[PDB]
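Peer 1: Structure here, sequence nowhere to be found:
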């Protein structure tokens, strides 16, 4: 039988672990360096004669 | 009479003119690198036993 092979691993390095920063919906907002707001919006108008 | 003295001046240097960036209420918002939103707020709670 082909069976699922698991290699021997070393303890987790703290430097590898990023996941604590984005495991919740609010965190995915915290991770933004700038949030979209209404006043950032500029709407083009094409004015006819 | 003491009168108001005005020194002879040279034409404006373009490098001196910052004012075009903040002469309207919306611009003072444009000039912010980050705007305050509700989700940035964290409120402390002091829980009694």
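Peer 2: Great, that's in hand. Numbering: from 1, shown residues only, chains lettered A, B, ... in the order given.
Peer 1: Just give the nearest non-adjacent residue to the residue minimising distance to the centre of chain A, would you?
Peer 2: Centroid check for chain A by C-alpha atoms, centre = their mean gives residue A:28 as the closest residue, at 5.6 Å. Computed as C-beta to C-beta, 6 or more residues apart in numbering or on different chains, the closest residue to residue A:28 that is not its neighbour in sequence is residue A:22, at 5.7 Å. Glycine gets a C-beta too; all of them are placed from N, C-alpha and C.
Peer 1: contacting residues for residue A:17?
Peer 2: Going by C-beta atoms under 8 Å, 6 or more residues apart in numbering or on different chains, residue A:17 touches no other residue.
Peer 1: tally of neighbours for the residue nearest to residue A:28?
Peer 2: Neighbour count of residue A:22, defined by other C-beta atoms under 10 Å in any protein chain shown: 12.
Peer 1: before we move on, what about the one 3 residues further on?
Peer 2: When neighbours are defined as other C-beta under 10 Å, residue A:25 has 7 of them.
Peer 1: What separation do you get for it and residue A:17?
Peer 2: 20 Å (C-beta to C-beta, to the nearest Å).
Peer 1: With residue A:3 instead?
Peer 2: Applying C-beta to C-beta to residue A:3 and residue A:17 gives a distance of 29 Å.
Peer 1: doesn't residue A:31 make contact with the residue nearest to residue A:28?
Peer 2: Yes. At 5.7 Å, residue A:22 counts as touching residue A:31 under the criterion of C-beta atoms under 8 Å.
Peer 1: Leaving aside the residues adjacent along the chain, what's closest to residue A:27?
Peer 2: In space, residue A:27 is closest to residue A:21, 6.1 Å off (C-beta to C-beta, 6+ apart).
Peer 1: Quick check: that neighbour vs residue A:5, distance?
Peer 2: 31 Å.
Peer 1: More neighbours: which of these two?
Peer 2: residue A:21 (11 against 5).
Peer 1: For chain A, which segments count as helices?
Peer 2: A:25-30 (DSSP state H).
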